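Trainee: Chains as they are written, first to last, in PDB author numbering: chain A, 1 to 214; chain F, 3 to 122; chain B, 2 to 189, 193 to 216.
Virtual Cβ for every residue (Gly too), placed ideally from N, Cα, C.
Encoded as structure tokens, here's the structure I'll be asking about.
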Amino acid sequence: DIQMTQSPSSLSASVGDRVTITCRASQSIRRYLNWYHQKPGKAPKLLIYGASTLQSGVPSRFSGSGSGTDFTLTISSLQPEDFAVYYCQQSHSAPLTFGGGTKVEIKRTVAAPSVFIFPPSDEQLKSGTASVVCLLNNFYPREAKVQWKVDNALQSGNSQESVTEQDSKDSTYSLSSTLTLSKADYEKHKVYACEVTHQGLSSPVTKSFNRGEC
Amino acid sequence: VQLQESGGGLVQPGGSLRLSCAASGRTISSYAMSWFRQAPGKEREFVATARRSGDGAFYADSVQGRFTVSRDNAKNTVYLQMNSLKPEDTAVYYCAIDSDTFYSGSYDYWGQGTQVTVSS
Amino acid sequence: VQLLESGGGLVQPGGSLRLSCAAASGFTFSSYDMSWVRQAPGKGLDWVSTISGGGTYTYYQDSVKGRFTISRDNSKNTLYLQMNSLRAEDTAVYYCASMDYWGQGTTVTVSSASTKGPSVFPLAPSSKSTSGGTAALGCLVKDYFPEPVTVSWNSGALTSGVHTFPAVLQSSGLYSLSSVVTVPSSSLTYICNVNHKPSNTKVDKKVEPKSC
């Protein structure tokens, strides 16, 4: 197949910026390349076909260039509607393939996360399972690391993480990390700790509780 | 790898200073570099980050518009250009590498600090 | 709205669904090569199948070849996708698409799970755990099927500072998510309203801080 690769995965920009996104094909496709725009929860919309041709109704600040294997999507002056995920797609031959996407997100000032840790509820415990939740709230930029330590032993493979879209009002992210254990495992241990790093933090932030104490 | 900040000094309000953080040893071009500052008796706080070239510069609220962080890979150095200095900018200023290539903020290596004082 | 999909929904592994897509009158459906493209939760766009405008030629992604059949009826301005031998990985939003216009898609969920309303557990702050001016609290919405649930706070009165996370599919085959809110520490009523329309169930859970 023709592998499509996009760069960068994501980029942070402000209204008015000139933004460039790149797409590379394994083979030469020469100009059979489309660009699409997609907002969360909505169908994609075509911006450019034949790798240069603007599609009807698409504002003129969008342009595409390239031929062969290297292609470029340029937004000359970014508008608020343009914060979205962008896909390239080759229309040269079957199977039709898409690039992996480029998220264009809103730049803002750095905000370190506020960290909160929640013990399992007594009601859940009776059921036989313990979910311990760690919240990283209202941070920017997106990159962060959250580690679990149970009696100081680093956990692996027993947590899932989930992240919000950029907040509609302050452009921050929030993130949850959920550690799941059996009741029997949970009741062995005293100290449950969530350890967090972020480029806005001078040293890692740890939040913890002692199971069996208030 | 070692770090050394220089360019601190005494300046009047409205004046400028150019900080530099030089890294002796391994090459830092693939790691983000961050500036922090610590005023007397206050917590150490974020100032700015220069990610890899092309990955963008990020700033704290307090210094947005006045400070510019930039890098010289050829010199293994990061710069903090501080314009429109305020008395509240008085602090010791530190640089740190983010040892994580993925930018999650693993600040293991720190410089010793350079003093910045803004006053009449 | 120029294209409208239907025929998705719940199915078990090994089952069949027939998707259909109706074009509006002025769409000139007959002139278009027409396609199904799918998007799995959290993932990018994934081409399924294309049929030529006059129907002579059909094209399939390898992982659906022989399982899926695209067809069209130009007199009725309709596109079909017959999907047999479905697997869990086929779970996605399926879009009906011409090159320049995509319908809003229809959800297909392939699972062995039975429809089940959620259990709702409090994410409670405490005296020990609350320092500074801001407290966080929330609800863990656990072990439901299928998506979605909606979570409101104090019957929709509390909206500022609310974050509801996207759901995760657990290895049990059931979904889970949390909804949280930050409030003044001195404020420490807060009730999360969890609605799960597929089970016709609704759960209000008061989240109580504990005192130490």
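1. Quick one: Cα of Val12/B to Cα of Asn75/B, how far?
2. Counting pairs of Cβ atoms below 8 Å between the segment 42–50 of chain F and the segment 81–98 of chain F, do you hit three or more?
3. For a contact defined as C-beta to C-beta under 8 Å, what are the partners of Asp74/F on chain A?
4. Which word fits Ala25/A, buried or exposed, when buried means at least 16 other C-beta atoms lie within 10 angstroms of its C-beta?
5. For the segment 84–118 of chain B, which residues have a beta carbon sitting closer than 7 Å to at least one beta carbon of chain A?
6. On a CA-only basis, which of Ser106/F, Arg73/F, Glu90/F, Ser121/F is nearest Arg20/F? Give me that one, please.
7. Count the other C-beta atoms from every protein chain shown that fall within 10 angstroms of the C-beta of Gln124/A, then say buried if there are 16 or more, exposed otherwise.
8. Select from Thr193/B, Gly134/B, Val184/B the residue whose C-alpha is nearest the C-alpha of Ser156/B.
9. By DSSP's criteria, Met100/B is part of a beta bridge. Which residues make up the other side?
10. If you check the beta carbons only, do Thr107/B and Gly8/B fall under 8 Å apart?
11. Beta-carbon of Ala130/A versus every beta-carbon of chain B: anything under 8 Å?
12. Keeping to the same chain, check which residues put their C-beta closer than 6 Å to that of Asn75/F; ignore five residues upstream and five downstream.
13. Less than 8 Å between the CB atoms is what I'm expecting for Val85/A and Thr72/A, so what's the real figure, rounded?
14. State the start and end residues of the unbroken alpha helix (DSSP H) segment that holds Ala184/A.
15. I'd like to know whether the C-beta of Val169/B is nearer than 8 Å to at least one C-beta of chain A.
16. Going along the chain, which residues of its own chain have a beta-carbon closer than 7 Å to the beta-carbon of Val133/A, five neighbours each way excluded?
17. Counting Cβ pairs closer than 8 Å, one from the segment 79–94 of chain A and one from the segment 33–47 of chain A, do we hit at least three?
18. Could you compute how far the alpha carbon of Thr92/F sits from the alpha carbon of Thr160/B?
19. For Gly58/F versus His198/A, is the C-beta spacing smaller than 8 Å?
20. Identify each residue in the segment 184–201 of chain A for which the Cβ-Cβ distance to at least one residue of chain F is less than 8 Å, and report them in chain order.
21. So with CB distances below 8 Å, who are the chain B contacts of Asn137/A?
22. Less than 8 Å between the C-beta atoms of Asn199/B and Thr151/B, yes or no?
23. In chain order, what residues of the same chain lie with their CB nearer than 6 Å to the CB of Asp144/B, ignoring the 5 residues before and after it?
24. In whole angstroms, what is the alpha-carbon distance linking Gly55/B and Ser31/B?
25. Tell me whether the beta-carbon of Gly10/F lies closer than 8 Å to the beta-carbon of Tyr95/F.
26. If you drop the 5 nearest sequence neighbours on each side, which residues of the same chain put their C-beta closer than 7 Å to that of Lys183/A?
Mentor: Put simply:
1. Sequence index remark: in the third sequence, residue 12/B carries index 11 (1-based). Sequence index remark: in the third sequence, residue 75/B carries index 74 (1-based). Their backbone Cα atoms lie some 28 Å apart in a straight line.
2. yes
3. Locating residue 74/F in the second sequence gives position 72, counting from the first residue. Ordered by position in chain A, no residue passes the 8 Å Cβ test against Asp74/F, which lies about 21 Å from the chain.
4. Your numbering for residue 25/A matches position 25 in the first sequence. Under this definition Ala25/A is a buried residue.
5. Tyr96, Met100, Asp101, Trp103, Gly104, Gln105, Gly106
6. Numbered from its first residue, the second sequence carries residue 20/F at position 18. It is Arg73/F.
7. Residue 124/A sits at position 124 when you count from the first residue of the first sequence. The residue in question, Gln124/A, is buried, as its Cβ has 16 or more Cβ neighbours within 10 Å.
8. On the third sequence, position 155 is the one that residue 156/B refers to. Residue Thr193/B is the option with its Cα nearest to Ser156/B.
9. The residue labelled residue 100/B in the question sits at position 99 within the third sequence. BP columns for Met100/B are empty, so no partner.
10. Here residue 107/B is taken as the residue at index 106 of the third sequence, counted from 1. Here residue 8/B is taken as the residue at index 7 of the third sequence, counted from 1. Yes, they are a contact pair.
11. Residue mapping note: residue 130/A aligns to position 130 of the first sequence, counting from 1. No, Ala130/A lies away from the interface with chain B (no Cβ there is under 8 Å from its Cβ).
12. Translated into positions along the second sequence, residue 75/F becomes position 73. Around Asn75/F: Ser31.
13. Stepping through the first sequence from its first residue, residue 85/A is reached at position 85. Stepping through the first sequence from its first residue, residue 72/A is reached at position 72. In fact, because the Cβ distance is near 17 Å, the residues do not count as touching under 8 Å.
14. As a position in the first sequence, residue 184/A is number 184, starting the count at 1. First-last of the alpha helix (DSSP H) with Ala184/A: 183–186.
15. Taking the third sequence and counting its residues from 1, the one referred to as residue 169/B is at position 168. Closer than 8 Å: yes.
16. Numbered from 1 along the first sequence, position 133 holds the residue referred to as residue 133/A. Result list for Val133/A: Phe118, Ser176, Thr178, in chain order.
17. yes
18. Counting from one through the second sequence, the residue named residue 92/F turns up at place 90. Counting from one through the third sequence, the residue named residue 160/B turns up at place 159. One C-alpha to the other measures close to 39 Å.
19. Locating residue 58/F in the second sequence gives position 56, where the first residue counts as 1. Locating residue 198/A in the first sequence gives position 198, where the first residue counts as 1. It is not a contact, given that the beta carbons lie outside the stated cut-off.
20. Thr197, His198, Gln199, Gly200, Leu201
21. Taking the first residue of the first sequence as 1, we reach residue 137/A at position 137. Result: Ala137, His164, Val181, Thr183.
22. The sequence position of residue 199/B within the third sequence is 195, counting from 1. The sequence position of residue 151/B within the third sequence is 150, counting from 1. Cβ atoms of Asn199/B and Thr151/B: closer than 8 Å.
23. For this step, residue 144/B is matched to residue 143 along the third sequence. Closer than 6 Å at Cβ, skipping near neighbours: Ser120, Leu175.
24. To locate residue 55/B, count along the third sequence from 1; it is residue 54. To locate residue 31/B, count along the third sequence from 1; it is residue 30. Approximately 7 Å, taken between the alpha carbons.
25. Start at 1 with the first residue of the second sequence, and residue 10/F comes out as number 8. Start at 1 with the first residue of the second sequence, and residue 95/F comes out as number 93. Going by C-beta atoms, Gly10/F is nearer than 8 Å to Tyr95/F.
26. Stepping through the first sequence from its first residue, residue 183/A is reached at position 183. Correct list, in chain order: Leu125, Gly128, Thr129, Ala130.
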